[PDB]
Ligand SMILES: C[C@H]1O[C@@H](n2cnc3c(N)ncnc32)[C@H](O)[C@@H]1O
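The chain below stands alone and is given as structure tokens, in the form deposited without 5'-deoxyadenosine.
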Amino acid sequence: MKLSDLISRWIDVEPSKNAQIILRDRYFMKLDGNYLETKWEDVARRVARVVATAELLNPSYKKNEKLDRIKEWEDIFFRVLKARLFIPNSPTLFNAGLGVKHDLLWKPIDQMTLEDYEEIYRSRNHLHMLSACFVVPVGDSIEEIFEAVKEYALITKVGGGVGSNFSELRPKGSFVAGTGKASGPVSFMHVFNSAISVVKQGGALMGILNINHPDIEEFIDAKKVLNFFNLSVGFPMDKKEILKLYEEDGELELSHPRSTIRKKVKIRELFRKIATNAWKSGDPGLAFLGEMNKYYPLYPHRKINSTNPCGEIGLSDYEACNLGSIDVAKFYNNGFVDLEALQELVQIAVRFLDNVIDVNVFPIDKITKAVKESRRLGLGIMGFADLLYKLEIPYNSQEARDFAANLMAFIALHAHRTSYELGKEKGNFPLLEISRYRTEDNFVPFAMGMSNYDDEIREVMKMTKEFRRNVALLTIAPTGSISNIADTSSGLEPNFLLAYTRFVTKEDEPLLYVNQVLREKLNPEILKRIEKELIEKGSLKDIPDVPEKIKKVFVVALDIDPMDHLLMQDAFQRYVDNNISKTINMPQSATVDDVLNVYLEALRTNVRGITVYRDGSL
């Protein structure tokens, strides 16, 4: 069906009362604390109008027509936004229009003149930061360490999540031209933690240390406060290499350019250390940085050393990335995903995300540059688990994973063809010429190998040798907050729970929530009886008197075994040029051996990183 007509079916559907609480708490703009916005329509309008003002910069538009052209983009943007088919990362919702006079952000589009958009463009203040994901380096000097703590605080203040690889820092007890002797990365990481603890935005930071750093063991056991850090162990070498060393029971030398300190450790003992900690507490994860550089169009002229906090974007030094997600559950139509409307939305969403770069303001000049030059986007999806329920497809099945790979491949195809086109109309990312899209033949920024679309995707990548707006376009984020605004499942995650009682504060209340798809499918009287047990058990699986087909379909996170989580992440990653946010849920009864087995399988699949969460551990 036409995107038009899907917009119609959603545009007058208001957010649930749950989404509305989140919105007034956090999203609706407010001196001294009065609401300038009271409906999601209000958010959609302000954001639509501000992202649309980037069309001022379009070299392919003549001065006459510019107002026409801009209003057209405002209205579609507004329509997909209000309908909740696509929502950008939170910072876009929070910060769009900051610094702009309130008479201009909600004004009827009727009364918008071309000098009103020009006024919007030039009044964006130092806080107009619309992107979620950042990486900064932490060089081996007191100067560079503390510039980086400053950078963390500046990024955080404006609503960014930031990560670093701390491996440049020489090991603890290393020689310093001082003085003393080097504190080592773990103890400097406390300064960064201490800083975010006082910069209150309203897991937060990613800190990575590489597997061959002499302080790695300390780093693995560091969270056992550091409470604001997610930690990952970095593998800048090739996955295959580490797999083989493991398989032969080999040893790894721990060493550092600027220390004499060296140790040999068995790779299995180190792995088991990691797995034991992650079994107990969820940290540290694994970051396969070598796998990310493998698919990075600019490597080695540039290099990915770290991810942002939730691990879904691998970023070079000072790079940033703005994200946004399509609710694929809204795309269900009579046993099929409606690809005609999904194609149009991918097109709109890539333009939306690329225009955000043009109206974004960063607090550090190096970040502004790093971004101008690459124009990395993070288009993803949410509502995927719910889409499966509608299609009657068990999440833990080869059917779901093949469908997942075809769906992502379709999106990757039309995302990169939109980038092709934007490069033609607006100009190429400055670094096209030195990227693998130019200097190579047959370069594809992801593994593929599970879809009919692979040839067409090869064709697209070849075409983008010539025209290409963006270094990379796709990610799957956690969507913790935008999936709640949109009333849908998060990211590619299964639903964690089908039913739970939530609580309204009123003024001076328990109100049962049931998954809406489940509500529409199960006999309402079967629902009434089983509800009690479903809430206590957290699952339908052991509930007598629930039909078997329902149940096979309506699995939640802990019904789905760890390998079936991991393989779903593999299926998506084959068609995503950045990385993926996936929690590998494990049952309380999983051992440290089971965790190691996940890591081992992880090395053989196409995943770019790993997070495990064992039920009841924390």
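Numbering starts at 1 and runs along the sequence shown. Between two forms, the rigid core is the largest collection of C-alphas that superpose within 1.5 Å.
Remark: when the other structures in 8 other deposited structures of this protein are fitted onto this one via the rigid core, 170-178 deviates more than the alternative among 524-532 and 170-178, judged by RMS CA distance. Between 67-75 and 180-188, the larger mean CA deviation from the shown form in 8 other deposited structures of this protein, after core superposition, belongs to 180-188.
Modelling of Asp545 is complete across the other compared entries in which both of its neighbours are modelled; not even a third of them leave it out.
Among other deposited entries of this protein with both flanking residues present, none omit coordinates for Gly159; it is modelled throughout, well short of a third.
Counting the deposited residues that fall between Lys224 and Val225 and carry no coordinates gives a value of 4 to 9. The deposited sequence places 1 to 3 unmodelled residues between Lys30 and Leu31. Taking the PDB entry as given, 213-221 carries the higher mean Cα B factor of the two stretches 213-221 and 395-403. The stretch with the higher mean CA B factor, choosing between 489-497 and 462-470, is 462-470. Set against one another, the Cα B-factors of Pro185, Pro297, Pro478, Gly180 in the record reach their highest point at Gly180. The residue among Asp317, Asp454, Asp103, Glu144 whose C-alpha carries the highest B-factor in the deposited model is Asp103. Per-chain ranking of the deposited C-alpha B factor places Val612 in the lowest third. Looking at the C-alpha B-factors along this chain, the one for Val350 belongs to the middle third. Residue-level temperature factors show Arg69 in the highest third of its chain, judged at the C-alpha atom. When all modelled residues of the chain are sorted by CA temperature factor, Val162 is found within the lowest third. Remark: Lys532 belongs to the highest third of its chain, ranked by C-alpha B-factor as recorded.
What comes next is about the form deposited with 5'-deoxyadenosine bound, which is not displayed.
Counting ligand atoms within 2.4 Å of backbone or C-beta atoms, the overlay of 5'-deoxyadenosine from its pose in the bound PDB entry onto the shown chain yields zero, and the pocket is open. Listed residues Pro394, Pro137, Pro214, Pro478 were compared with 5'-deoxyadenosine in the bound PDB entry; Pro478 is the one with a heavy atom within 4.5 Å. When 5'-deoxyadenosine is considered in the bound PDB entry, only one residue from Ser164, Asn360, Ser232, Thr418 comes within 4.5 Å through any heavy atom, namely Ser232. Among residues of the shown chain, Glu291 is not one whose heavy atoms approach 5'-deoxyadenosine to within 4.5 Å in the bound PDB entry.
In the bound PDB entry, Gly311 approaches 5'-deoxyadenosine with a heavy atom inside 4.5 Å. Within this chain, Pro297 is remote from the site of 5'-deoxyadenosine in the bound PDB entry, having no heavy atom within 4.5 Å.
By the criterion of a heavy atom within 4.5 Å, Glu319 is excluded from the residues contacting 5'-deoxyadenosine in the bound PDB entry.
Using a 4.5 Å cut-off to 5'-deoxyadenosine in the bound PDB entry, not one of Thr53, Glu74 and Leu353 places a heavy atom inside that distance. Per the 4.5 Å heavy atom criterion, 5'-deoxyadenosine in the bound PDB entry is contacted by stretch 578-586, the sole one of 66-74, 545-553, 38-46, 578-586. Of the residues in 274-288, those that come within 4.5 Å of 5'-deoxyadenosine in the bound PDB entry through at least one heavy atom are, in sequence order, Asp283, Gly285.
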